[PDB]
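For reference, the structure discussed in these notes is given below.
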Amino acid sequence: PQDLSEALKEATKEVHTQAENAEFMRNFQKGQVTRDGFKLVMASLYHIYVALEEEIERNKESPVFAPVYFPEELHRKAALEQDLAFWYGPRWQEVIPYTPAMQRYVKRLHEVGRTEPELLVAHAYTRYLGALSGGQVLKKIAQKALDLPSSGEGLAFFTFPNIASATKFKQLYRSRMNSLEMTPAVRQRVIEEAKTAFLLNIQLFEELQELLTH
Ligand code: HEM
């Protein structure tokens, strides 16, 4: 398509479906999620966003990313830190798992941020725009499945407090993405990186499912 935001959505429909079809996510959507399983997903989200925001902060002034730099509206690290303290306790930093599949995702994020920063937008799009769209549906399913007490914590990740209107912000974020200047060769790679992001999530889901079935 013409607009990058339009091209991204179009090219990732197939892999997005695969994500939804992943056994781990199938169970999740069927409301068949356990606390042990939800803890693992929160853990991986932490590693993922720490690496991602670390790289974004590194290329924020670069012309290949600056346009989609919205730190206050999107940053998720503090949110996950709060959440993990609830899920794994005060010593969460010493006990949260950091699995091989999580590491493979983290390693690709640092690789892009450091050797192909022009592709970072692919990951910011996939994480942030994704979380902002299908984030509510998964949170709804989660709480309704988890049966959390009433301690007022554990799900801050699913709320973007600095964004008043999700639809208005996504319009803006798409605009900014469509303003990025890139050669057709780069655009094709940004498109490919996005699909790869999905694949990294799928192999993560496959790993988490394996760890939980024993
Ligand atoms: C398997 C559970 C998932 C469900 C049920 C889910 C659901 C949704 C829904 C309902 C939307 C709403 C906006 C729309 O469709 O127009 C959406 C958009 C999106 N999702 Fe997912 N999603 C899931 C997993 C993921 C994963 C693993 C990623 C990637 C890390 C992701 C990335 C995206 C992106 C980037 C968009 C926005 C695309 C665009 O606007 O161009 N989703 N998702």
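Counting starts at 1 for both ligands and their atoms, in listed order. Start at 1 with the first residue, then count along the sequence.
For atom 18 (C) of ligand 1, the closest heavy atom belonging to the protein is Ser133 CB, 3.5 Å. For atom 34 (C) of ligand 1, the nearest protein heavy atom (residue, atom name, distance) is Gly130 CA, 3.4 Å. Of the protein's non-hydrogen atoms, the one nearest atom 39 (C) of ligand 1 is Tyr125 OH, 3.0 Å. For atom 30 (C) of ligand 1, the nearest protein heavy atom (residue, atom name, distance) is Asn201 ND2, 3.1 Å. Of all protein heavy atoms, the one closest to atom 43 (N) of ligand 1 is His16 NE2, 3.0 Å. Shortest contact from atom 14 (C) of ligand 1 to any protein heavy atom: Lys9 NZ, 4.6 Å. The nearest protein atom to atom 26 (C) of ligand 1, hydrogens excluded, is given as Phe198 CE2, 4.1 Å; this is a heavy-atom distance. Remark: minimum distance from atom 7 (C) of ligand 1 to any protein heavy atom is reached at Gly134 CA, 3.8 Å.
Ring geometry for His123 versus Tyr105: interplanar angle of 30 to 60°, hence tilted. The aromatic rings of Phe70 and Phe169 lie perpendicular to each other, with more than 60° between the two planes, well past the 30° mark.
For atom 4 (C) of ligand 1, the candidate residues are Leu138, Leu204, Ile141; the nearest heavy-atom contact is made by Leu138.
For atom 1 (C) of ligand 1, the protein comes within 4.0 Å by at least one heavy atom.
Geometric assessment of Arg174 against the ring of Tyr125 yields a negative cation-pi assignment under the 6.0 Å and 45° thresholds.
Contact atoms of ligand 1 toward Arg127: 30 (C) (distance under 4.0 Å to a heavy atom of the residue). Of all atoms in ligand 1, listed by their number and element, those nearer than 4.0 Å to a heavy atom of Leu129 are 40 (O).
For the pair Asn27 (side chain) and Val33 (backbone), a donor-acceptor distance under 3.5 Å is absent. In this structure, the side chain of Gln18 does not engage the main chain of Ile202 through any donor-acceptor pair within 3.5 Å.
Not a single heavy atom of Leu8 sits under 4.0 Å from any atom of ligand 1. Under a 4.0 angstrom heavy-atom cut-off, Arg174 registers as being in contact with ligand 1.
No N or O atom of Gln29 sits closer than 3.5 Å to an N or O atom of ligand 1.
By the 4.0 Å N-to-carboxylate-O rule, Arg108 lies close enough to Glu193 to be salt-bridged with it. A salt bridge is absent between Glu192 and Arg189: the closest approach of a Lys/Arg side-chain nitrogen to an acidic carboxylate oxygen does not fall below 4.0 angstrom.
Shown are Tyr46, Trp87, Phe86; of these, the ring pair (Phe, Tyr, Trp, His ring centres under 6.0 Å) with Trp92 is made only by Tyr46.
Neither the backbone nor the side chain of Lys170 has any atom closer than 4.0 Å to an atom of ligand 1 (non-hydrogen atoms only). At a heavy-atom cutoff of 4.0 Å, ligand 1 is contacted by the side chain of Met25 but not by its backbone.
Considering only heavy atoms from C-beta on, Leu148 stays 4.5 Å or farther from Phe38 through its side chain. The shortest side-chain heavy-atom distance between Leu200 and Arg104 falls under the 4.5 Å cut-off.
Taking all atoms of both residues into account, the shortest heavy-atom contact from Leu120 to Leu52 is CD1-CD1, 4.2 Å.
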